[PDB]
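# please find the sequence and an experimentally derived structure below.
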There are 2 protein chains.
Amino acid sequence: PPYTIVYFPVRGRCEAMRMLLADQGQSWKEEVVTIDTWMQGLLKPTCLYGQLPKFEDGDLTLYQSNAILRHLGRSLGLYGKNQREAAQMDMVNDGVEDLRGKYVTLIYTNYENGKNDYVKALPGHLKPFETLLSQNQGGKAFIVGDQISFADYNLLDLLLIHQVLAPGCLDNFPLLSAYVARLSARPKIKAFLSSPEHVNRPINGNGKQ
Amino acid sequence: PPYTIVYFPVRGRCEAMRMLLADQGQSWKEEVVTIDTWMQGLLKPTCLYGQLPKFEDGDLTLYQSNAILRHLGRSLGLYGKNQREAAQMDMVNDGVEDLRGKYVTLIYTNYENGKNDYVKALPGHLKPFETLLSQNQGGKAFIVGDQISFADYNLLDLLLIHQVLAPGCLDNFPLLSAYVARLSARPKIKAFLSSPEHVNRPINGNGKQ
Ligand SMILES: N[C@@H](CCC(=O)N[C@@H](CS(=O)(=O)O)C(=O)NCC(=O)O)C(=O)O
Ligand SMILES: N[C@@H](CCC(=O)N[C@@H](CS(=O)(=O)O)C(=O)NCC(=O)O)C(=O)O
């Protein structure tokens, strides 16, 4: 530490890391970049891949939101108790990222027309996570193993924004329903989710959700 | 171990993990799924995310090409000396994946109309990797640290298929040219790249490259 998140004034690819840090009792600085500032063209060329988020953990500057999440899971002890669990958490997080990639394309490039067929196809994309939870202690604990991991924070965020897009999307997924309810109730997550910084922040940058 | 890779008969998302296993002196079994067998619809439902690669390591079954690479990186000691190196390697591997996703889209959805544009934009996408090498011992070692890691194999594969796509794309990138030359000369990689198994396997499933 200290931690600084540098990003656009949206939840986007940073709300899962904000929830992880809040639930682990960490504080961080938030360096908000407005679109006017980004468009001045001074900051983007110093970003490794020309994009945000940029994260500073003391000495270390990282780019790539899932690398930042795996770094926080590794350094705060949220990456499993053994290699098998670590491998399974990576498989989960990559499946989360594939669906987030599709979600982002819908929102920014084809919201109005594409929303119907997206929501129609969504049960098939959610079913893998329901299967993983049933295989792990009948769905009563975390997505992998007995303890929370970086992958739980990213899956929770993904499911929370899908419930804003399609309010009944978890009605046929009892373990995912109960999981979202359970994790949202964790004292420091419930507190973060009711915070004005979280609440005032748009999910995406173009108004759609 | 034993190691088994279940995939379609193409290089695609499995050639970097085949080069990693070959270079670490491991043997594995190739279980090949043809496209006509895939289209029958019997195996797809048994895959967690409906997709391949599927990889078996003993009694651990994994999906997602980058979770398989990170697993092999963790279990064979190809993930750095410390936490700061591990995070840098995840940042590199996510940058590779981003460009790999762009390449897959070009190849499968827009080759004849988007190639020229993609190659025009490519230097801007390769320059981050050249900078990363210049920061690491002036580009004379690996992409992160002084030992090869899972991310070197993934970046090596990415650069090799882009030299087929845009011959001469590394011309203005002297450290990446040298890097490809050096890792390609490693005797077990050299052997793998000239094997008929590799040579006779198409890069992509649609015959373009
Ligand atoms: N793979 C990157 C993607 C980052 C990304 O797409 N950044 C966007 C913003 S957002 O989609 O995450 O909101 C960006 O910086 N775009 C600015 C630009 O490209 O100029 C990651 O995971 O961090
Ligand atoms: N994120 C996945 C992507 C896997 C994927 O795209 N698989 C394709 C084959 S390939 O493009 O990787 O060659 C597939 O199974 N397609 C068959 C289908 O979707 O039915 C990974 O990285 O493993």
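Here it is on my side, so go on. Numbering: from 1, shown residues only, chains lettered A, B, ... in the order given. Ligands and ions are numbered 1, 2, ... in the order given.

# contacts, neighbours, all on C-alpha from now
Noted.

# what about residue A:43, how many residues close to it?
As a burial measure, residue A:43 scores 14 neighbours (other CA atoms under 10 Å in any protein chain shown).

# who in chain A is up against ligand 2?
Within chain A, no position lies close to ligand 2 (CA under 6 Å from any ligand atom).

# phi and psi next, for the residue of chain A most remote from its centre.
Ranked by distance from the centre of chain A (CA atoms, centre = their mean), the top residue is residue A:40, with 28.3 Å. Dihedral pair for residue A:40: phi -60, psi -20, per degrees, to the nearest 10.

# elements contacting the host helix or strand of residue A:180?
In the assignment (DSSP states H and E), residue A:180 maps to helix A:174-184. When contacts are defined as 3 or more CA pairs under 8 Å, 6 or more residues apart in numbering or on different chains; DSSP states H and E, helix A:174-184 packs onto helix A:111-135, helix A:150-165.

# does the longest one reach chain B?
Yes. Helix A:111-135 lies within reach of chain B by CA under 8 Å from any CA of the partner chain, at A:125, A:128.

# is the lengthiest helix in chain A up against ligand 1 anywhere?
For chain A, the helix that runs over the most residues, judged by DSSP state H, is helix A:83-109. No. Judged by CA under 6 Å from any ligand atom, helix A:83-109 and ligand 1 are separated, with a smallest distance of 7.5 Å.

# contacts for the helix holding residue A:180?
Identification of contacts with helix A:174-184 by CA atoms under 8 Å, 6 or more residues apart in numbering or on different chains yields A:129-130, A:133-134, A:139-142, A:156, A:159-160, A:170-171, A:189-190.

# domain parsing for chain A?
A:2-78+A:187-208, A:79-186 (curated CATH domains).

# now the ones you listed as CSV including distance to residue B:5?
Output for those, formatted as CSV (distance: least, CA to CA, whole Å):
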stretch, distance to residue B:5
domain A:2-78+A:187-208, 25
domain A:79-186, 16
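
# sorry, back to before: just the helices and strands packed on helix A:174-184: most buried one?
Among those, the stretch with the highest mean neighbour count (mean count of other CA atoms under 10 Å in any protein chain shown) is helix A:150-165, at a mean of 20.

# quick one: it to chain centroid distance?
Distance, stretch centre to chain centre, for helix A:150-165: 6 Å (CA atoms, centre = their mean, to the nearest Å).

# next one: stretch A:32-49
So, by CA atoms, centre = their mean, the centroid of stretch A:32-49 is 22 Å from its chain's centroid.

# so does it get close to ligand 1?
No. If you take CA under 6 Å from any ligand atom as the test, stretch A:32-49 misses ligand 1, and the best it gets is 6.8 Å.

# can I get that stretch as PDB, trimmed to CA atoms?
Taking C-alpha atoms only, stretch A:32-49 is exported to PDB below (Å, rounded to 0.1, in the frame of the first residue of the first chain):
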ATOM      1  CA  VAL A  32     -10.800  10.300 -11.400                       C
ATOM      2  CA  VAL A  33     -10.100  11.100 -15.000                       C
ATOM      3  CA  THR A  34     -12.800  13.100 -16.800                       C
ATOM      4  CA  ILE A  35     -13.300  12.600 -20.500                       C
ATOM      5  CA  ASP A  36     -12.200  16.200 -21.200                       C
ATOM      6  CA  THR A  37      -8.900  15.400 -19.400                       C
ATOM      7  CA  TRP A  38      -8.400  12.100 -21.200                       C
ATOM      8  CA  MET A  39      -9.100  13.800 -24.500                       C
ATOM      9  CA  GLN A  40      -6.300  16.400 -23.800                       C
ATOM     10  CA  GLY A  41      -4.000  13.400 -24.800                       C
ATOM     11  CA  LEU A  42      -1.400  13.800 -22.100                       C
ATOM     12  CA  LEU A  43      -2.200  10.800 -19.900                       C
ATOM     13  CA  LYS A  44      -3.000   8.200 -22.500                       C
ATOM     14  CA  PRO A  45       0.500   7.900 -24.000                       C
ATOM     15  CA  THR A  46       2.000   7.300 -20.500                       C
ATOM     16  CA  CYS A  47      -0.400   4.300 -20.000                       C
ATOM     17  CA  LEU A  48       1.300   1.100 -21.000                       C
ATOM     18  CA  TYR A  49      -1.500  -0.100 -23.300                       C
END
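
# buried residues in that stretch, which are they?
A:33, A:47, A:48, A:49 (16 or more other CA atoms under 10 Å in any protein chain shown).
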